[PDB]
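Novice: The structure is given below, and queries will be raised subsequently.
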Amino acid sequence: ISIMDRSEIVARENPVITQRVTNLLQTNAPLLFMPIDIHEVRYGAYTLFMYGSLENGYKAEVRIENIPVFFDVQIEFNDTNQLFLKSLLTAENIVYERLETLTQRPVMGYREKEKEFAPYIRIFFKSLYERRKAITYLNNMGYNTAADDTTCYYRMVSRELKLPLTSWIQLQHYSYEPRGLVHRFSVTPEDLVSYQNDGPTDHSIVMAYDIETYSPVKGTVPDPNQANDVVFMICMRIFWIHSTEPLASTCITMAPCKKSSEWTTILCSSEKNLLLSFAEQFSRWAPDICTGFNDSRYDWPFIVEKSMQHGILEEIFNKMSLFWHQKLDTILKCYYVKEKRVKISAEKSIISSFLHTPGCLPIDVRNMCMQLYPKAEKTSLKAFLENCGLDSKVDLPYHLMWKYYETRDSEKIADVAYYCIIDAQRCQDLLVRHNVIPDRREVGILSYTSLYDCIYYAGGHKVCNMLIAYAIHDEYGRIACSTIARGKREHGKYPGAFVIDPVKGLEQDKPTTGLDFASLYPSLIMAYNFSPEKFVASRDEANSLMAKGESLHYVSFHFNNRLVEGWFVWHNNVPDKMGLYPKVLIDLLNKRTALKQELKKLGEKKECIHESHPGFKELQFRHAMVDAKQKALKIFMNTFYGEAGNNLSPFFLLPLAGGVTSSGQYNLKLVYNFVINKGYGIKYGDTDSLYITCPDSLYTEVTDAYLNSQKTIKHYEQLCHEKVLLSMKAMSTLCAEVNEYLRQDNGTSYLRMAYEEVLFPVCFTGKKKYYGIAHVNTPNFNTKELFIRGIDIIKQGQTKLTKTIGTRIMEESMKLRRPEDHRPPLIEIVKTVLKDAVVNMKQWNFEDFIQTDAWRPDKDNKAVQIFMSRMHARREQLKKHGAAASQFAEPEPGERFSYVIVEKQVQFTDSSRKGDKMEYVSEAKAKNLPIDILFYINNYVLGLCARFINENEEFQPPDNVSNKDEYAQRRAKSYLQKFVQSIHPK
DNA sequence: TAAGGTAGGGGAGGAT
DNA sequence: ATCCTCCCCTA
Ligand SMILES: Nc1ccn([C@H]2C[C@H](O)[C@@H](COP(=O)(O)OP(=O)(O)OP(=O)(O)O)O2)c(=O)n1
Ligand SMILES: [Mg+2]
Ligand SMILES: [Mg+2]
């Protein structure tokens with residue numbers, strides 16, 4: 001049996017480049033290296049430990065020594081300042097290396113052309129702990145501190161040395177030592193160069209592993225805390241960082257397993273032996289990344305707890321950590337990351353617990369997939385595989401494989417091992433198909449962060465790191481930035497974007513085109529030079545700047561019932577005067593513009609090929625991928641705006657965020673006024689998008705054609721066709737004119753309007769609630785899909801009943817109808833559909849009523865809290881009875897669960913609370929609990945339909961009512977309710 | 001220990 | 001029944 005470790009595997013797979021790499025090693029020649037995992041020694045002399053793959057694929061550890069550990073604080077230039085700081089630090093028993101003095105540009109507040117530079121002193125340390133304690137003491141005492149990354153220092157090293165931690169790096173004049181399977185390199189920052197050009201094929205190793213565990217009690221998830229519960233199988237596979245074919249495969253199991261040519265089978269007699277074999281195989285492979293699906297919630301905690309039970313955590317960790325010898329208490333304290341919070345989206349966070357062995361980066365494929373699909377209803381492996389078009393995994397059922405382990409059948413154990421290997425292969429397929437690792441590497445290169453940051457952290461700190469990286473470069477004059485928020489913070493919301501009260505109702509005659517600002521907030525930042533180093537706060541300083549001829553953008557808004565005013569120095573289209581925020585946003589916008597033009601060409605090449613072509617599907621997928629990429633960039637740039645409005649951010653500037661919002665409102669209103677003055681009608685507005693209709697005169701002559709024909713259905717379809725064409729061309733001309741007007745107004749070309757589609761039949765039901773038929777290049781009314789924004793059918797956790805009713809409403813409203821023919825209003829269509837739904841009740845089955853809700857214990861969502869309080873009481877009652885209550889078990893905090901509303905019999909007590917009516921789908925199907933359909937109707941679809949019908953005059957309030965929309969919505973709700981009781985036989 | 005922003009619709013439950 | 005707060009999710 002040839003148990004090939006990393007070295008022989010690399011030599012076999014890539015022999016020529018392996019020989020070249022070996023020759024370079026003997027000749028001590030510079031060589032390329034891809035880092036993945038970053039580790040730091042915070043105590044004692046600071047050393048940066050990178051782990052990764054050489055050019056051929058050899059595992060390599062790079063130890064960067066003599067890195068300057070430092071942080072700077074701004075104080076006046078005088079010789080006694082150094083001695084005073086010496087005394088201050090020595091009084092706090094803080095050991096430091098040396099003192100330096102320099103000049104840097106503060107990031108906050110505009111300064112004159114000869115006063116950008118302010119004095120700074122740089123404090124050096126041998127250890128990260130001393131630097132951390134000194135930063136804390138100095139900031140508590142009150143000095144302004146910059147370059148003070150405290151939570152971690154590798155980000156500061158990466159941004160300071162211009163050295164991305166996720167890109168190829170060239171090693172020069174290194175100190176080489178081969179030990180075991182690890183080629184250790186001792187280098188210095190001066191001897192270690194970034195390799196940015198034409199990066200070769202990456203040869204990092206990613207192993208996907210899955211575990212199968214056993215519990216004697218049936219129907220329960222095996223608890224690692226339970227002694228009798230055992231992990232009995234581990235299947236693992238190594239792949240290239242870019243390829244889905246397995247370099248090698250290994251299965252470790254309890255029961256005997258028949259030999260399979262697809263993987264190496266390792267047999268163990270005890271759980272301690274199985275864990276030891278897992279550690280041994282991990283050490284022999286020495287992967288650059290260790291990944292699994294839901295491993296940060298199930299696999300890693302199970303393995304760690306079992307190893308603690310067997311008392312072998314120190315041994316297996318030391319074996320997995322290359323040569324990093326750490327004691328058990330240190331392993332539990334630091335390396336076993338427990339209950340780490342990972343932000344998936346807004347108000348959405350998940351838990352992750354894993355053993356971060358040095359030399360390997362842990363990846364949870366579920367975390368990455370949820371980050372890519374933050375609005376995914378189902379977060380299972382099968383759902384994620386289906387979403388991206390990957391092949392369906394042959395599911396291993398529950399009782400089958402627990403029975404198979406019980407029977408000690410060799411071939412059944414082999415089949416379970418095959419399915420576990422398939423699970424690992426699906427993990428790698430998800431990693432590669434979405435290009436997760438290269439995308440995270442690109443993000444790390446852009447933001448000068450490690451891959452670990454790109455995996456387990458959100459983008460706000462990435463925005464801060466990218467800003468500081470762009471700030472510390474001499475071309476910009478060495479802007480000095482802090483990384484931790486300072487100053488008193490307020491609770492509230494500054495004024496945001498402006499939403500135009502929509503002209504509610506269906507439009508079937510005047511085509512409506514959405515014109516959107518391209519990167520509205522970033523474009524405003526570029527145009528008005530919104531940047532903290534270009535910000536003036538005091539009115540007298542602004543007046544003095546006017547006296548010197550400088551153009552300032554003045555903004556004012558009401559925050560916390562007080563007036564916040566500010567002035568921003570305009571760049572005058574001069575690259576020298578361009579701000580830091582505008583510069584970073586120019587770079588990001590150039591990147592996104594390249595991505596957008598590539599996406600546009602790929603969309604125009606995909607539109608000319610019919611979908612049945614074999615090469616279309618994946619190509620279509622590629623299109624989405626590109627879209628996702630630019631979407632990410634968009635979000636990233638928007639984060640900059642948000643990072644100026646977050647009071648917890650180091651770059652927090654309430655005047656800047658308020659100014660961005662006020663400038664967006666002003667520009668939207670300016671374009672609104674200009675478009676209205678040019679005779680075009682406007683239906684709706686949202687932040688930056690304006691929905692504009694051509695004047696009827698522009699459609700006169702073509703209408704005359706339809707007026708001069710016999711007016712068949714195809715005649716009106718054609719008439720709509722050239723109406724949409726005329727729309728497109730008229731909006732193109734109007735967009736050019738509006739862009740020229742904006743250029744004349746603000747003096748820059750950053751603020752540009754853009755046409756994206758035409759919604760000729762379009763219904764606006766309320767603020768952020770509209771839909772229509774989208775025409776991008778040519779009219780196509782035969783598209784079943786509809787451009788939808790804000791309608792309840794797309795809401796997360798919505799019933800299939802609500803989605804079906806809303807889809808019926810919108811598809812009936814979007815139907816093309818000649819003006820001579822009958823044109824039913826939304827009232828009649830909605831009433832007809834609702835009457836069909838209520839009267840023909842049999843059309844709704846059980847699957848149409850499942851809702852989905854997220855269990856957040858810290859959130860007092862009263863309905864679900866009561867529902868699961870009842871479930872906890874029922875579980876207590878069943879355990880008292882001695883029966884199993886796993887079917888009623890509490891879902892783990894954070895995940896979403898499915899439930900239905902049932903008819904709770906009236907026992908004239910029985911509150912009509914939704915909390916007492918929620919039930920899990922499992923027992924509702926099991927016990928055939930009736931579904932309270934009328935509850936569903938009156939509480940979800942009735943309110944949905946009220947939004948559609950709220951535009952009628954009868955529901956309109958008298959002019960004295962301030963909130964016309966809410967009053968109309970409530971009146972429509974009441975009217976539709978009364979209609980329901982009138983039509984429903986009770 | 002990390003975690004961009006505000007505007008807004010609408011369900012659930014309780015005060016009242 | 002009105003109104004209010006909390007919550008979820010979307011814009
Ligand atoms: N997650 C988001 C999404 C949007 N916006 C704000 C910023 C945008 O500038 C403004 C405009 O909405 P868009 O969705 O159109 O975003 P952009 O205009 O910036 O880019 P693009 O026009 O390419 O969509 O909405 C935001 O702050 N945060
Ligand atoms: Mg499995
Ligand atoms: Mg826009």
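Naming scheme: A, B, ... for chains in displayed order of the structure tokens; residues 1 onward per chain; ligands 1 onward as shown.
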Within 9 Å of residue A:889, counting only C-alpha atoms (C1' of nucleotides), which residues show up once you throw out same-chain ones fewer than 2 positions away? Write them as a PyMOL selection string, please.
Specialist: chain A and resi 871-872+875+885-887+891
Novice: Would you pick out the contacts of residue B:13 at 8 Å or less, using only C-alpha atoms (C1' of nucleotides), so that residues sharing its chain but fewer than 5 positions from it are not included, and give the list as a VMD selection string?
Specialist: chain A and resid 862 to 863 913
Novice: Go ahead and save the picked residues with N, CA, C and O atoms, as an mmCIF file, in the first residue's frame.
Specialist:
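Result file is out02.cif:
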data_model
loop_
_atom_site.group_PDB
_atom_site.id
_atom_site.type_symbol
_atom_site.label_atom_id
_atom_site.label_comp_id
_atom_site.auth_asym_id
_atom_site.auth_seq_id
_atom_site.Cartn_x
_atom_site.Cartn_y
_atom_site.Cartn_z
ATOM 1 N N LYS A 862 -42.669 37.677 19.797
ATOM 2 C CA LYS A 862 -43.602 37.105 20.764
ATOM 3 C C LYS A 862 -44.283 35.850 20.230
ATOM 4 O O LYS A 862 -44.473 34.880 20.973
ATOM 5 N N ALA A 863 -44.663 35.848 18.951
ATOM 6 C CA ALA A 863 -45.390 34.704 18.406
ATOM 7 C C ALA A 863 -44.545 33.436 18.452
ATOM 8 O O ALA A 863 -44.978 32.408 18.984
ATOM 9 N N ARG A 913 -54.085 33.906 19.442
ATOM 10 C CA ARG A 913 -52.749 34.288 19.178
ATOM 11 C C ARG A 913 -52.151 33.389 18.159
ATOM 12 O O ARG A 913 -52.474 32.194 18.091
#
Novice: Taking 3 positions as the minimum chain separation for residues in the same chain, which residues sit within 8 Å of residue A:692 when counting only C-alpha atoms (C1' of nucleotides)? Answer as a PyMOL selection string.
Specialist: chain A and resi 512-515+680-684
Novice: Take the residues just selected and output them with C-alpha atoms as a tab-separated table (two decimals), in the first residue's frame.
Specialist:
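Below you can see out-v2.tsv, which holds the result:
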chain	number	residue	atom	x	y	z
A	512	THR	CA	-42.22	53.87	-18.00
A	513	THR	CA	-38.42	53.72	-18.02
A	514	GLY	CA	-36.26	53.55	-14.93
A	515	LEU	CA	-33.22	55.80	-15.11
A	680	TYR	CA	-41.79	64.09	-19.31
A	681	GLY	CA	-43.97	62.52	-16.64
A	682	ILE	CA	-42.48	60.83	-13.57
A	683	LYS	CA	-44.22	57.94	-11.82
A	684	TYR	CA	-41.91	56.91	-8.96
Novice: When the cut-off is 8 Å and we count only C-alpha atoms (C1' of nucleotides), which residues of chain B are near chain A, given as a list in words?
Specialist: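 The complete set of qualifying residues is residues 2, 3, 4, 5, 6, 7, 8, 10, 11, 12 and 13 of chain B.
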Novice: Could you pull out the residues sitting within 8 Å of ligand 2, using only C-alpha atoms (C1' of nucleotides) and all ligand atoms, and write them as an MDAnalysis selection string?
Specialist: chainID A and resid 210:212 395:396 419:424
Novice: When you get a sec, could you note down which chain C residues fall within 10 Å of chain A, using only C-alpha atoms (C1' of nucleotides), as a PyMOL selection string?
Specialist: chain C and resi 6-11
Novice: Apply DSSP to the backbone of this structure and, from stretch 428-642 of chain A, keep only the residues in strand (DSSP E); write these as a ChimeraX atom specification.
Specialist: /A:479-480,499-500,505-507,512-517,535-536,552-559,562-569
Novice: For residue A:714, work out the shell of residues within 12 Å, counting only C-alpha atoms (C1' of nucleotides) and skipping chain neighbours fewer than 4 positions away, then give it as a PyMOL selection string.
Specialist: chain A and resi 706+709-710+718-721+781+816-818
